[PDB]
Every structure is written in C-alpha cells, then in structure tokens.
C-alpha cells in the first residue's frame, strides 16, 4: 500500500517534550484517501538527523514526505517554501555541534523549493478556521538542515516523490516560560497537520 511518511524531532535539550512529535503521534497508522501514514522521530542533531531521515525514507519508500518542526514565536501554522544549503547555529544542537556558515551538503545546489502544494494547504487551513501562512525561511538550524536534506535526497533518488516542511508554534505550556509568546493548543496543532497532510495528498500542484 501507499505510504505517507511524517517526521518530527526529539526534545531539544531544554524542553521535556517536542510538540511536533506530540502533534503527529495521533496520526500513527491512520488512513487518508488510501495511503497510510507512518511517523518517525529524528534526533535534533546536525548530520545525524539526515542519517535517521534517509533510513526512514529508505525503509518506507513513501509517496509523500512531510517533516515537521517547531518555530517558537510564530503565531500560526507555517508551510515552508524553500530550504537553503546552510547550517548557521545560534546555539548548539543536542550533541554540542554549533556549525557556522557551512553547507548542508557540499557542492549541492543553493536551495530546493518544496514540492508540496503549499498555497492549497494554507488555503485549506484558513478555510477550516486555522491561521496559517507560507514562510520563505525555515531558518538555518536543524529544521532547515533536515528540509534541505530531504529535498536533495528525493531529488537524487526518487524525483517523483514530493517533500516539504511544516512549522508549528509553541504549545501553551512553553509560552508560559517565554512570557509574551504566541502559542497553539496540542489539539489544534494535530488537527492542522491532519488537514495539511490530506490536502497535500489529494492534490499535487
């Protein structure tokens, strides 16, 4: 059967949970228009993250791959337009790496556009009453690193397969710490991802 692969990260150091993981956990094993969703959690570590990712794309041979990360501070669900060939880290990752301006993949192209039907996804979300928008930057931390890796790997190995990235905001419990920071409940998050993934599946363009 057809498989949609959805990924997320383990907690980043400080946090005790990763919301992105928590949000997709309810999707495990569910069916959408004749494809079953597989999930898989990857470490929040440069390069080691791509290894885990590649293994997952390899094992599951998915028709659609969607990675999810957390973008603390953003007000809404954001669907990434583009991944950039650059690691540049404000803080270190889970294994203590803090690369400065080094390529995700050496001699790889400057960027890859997501192949997902991004405007339709954002449109679907807005219509469902969920705030959502297209983003032009996935950042330069692990989230963008994984998005670039994904899109490159699909382009080298299985070019018909569509890949992309979705960032969720802070959970309310996390915004309590930060203080004046936007959040979204776990429940709404899980619903937003579900709507986005169905919409990604139905369409293409």
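Numbering follows the first chain given and starts at 1.
- Per the PDB record, of the two stretches 83 to 91 and 67 to 75, 83 to 91 carries the greater mean B-factor over its C-alpha atoms.
- Taking the mean C-alpha B-factor of each stretch as recorded, 131 to 139 and 108 to 116 are not equal, and the higher mean is that of 108 to 116.
- Between the residues 163, 172, 43, 29, it is 29 that shows the highest Cα B-factor in the PDB record.
- When the modelled residues of the chain are ordered by C-alpha B-factor, residue 182 sits in the lowest third.
- When all modelled residues of the chain are sorted by CA temperature factor, residue 7 is found within the lowest third.
- The entry lists a Cα temperature factor for residue 195 that places it in the middle third of the chain's modelled residues.
- When the modelled residues of the chain are ordered by their C-alpha B factor, residue 124 lands in the middle third.
- Sort the modelled residues of the chain by CA B factor and residue 49 lands in the middle third.
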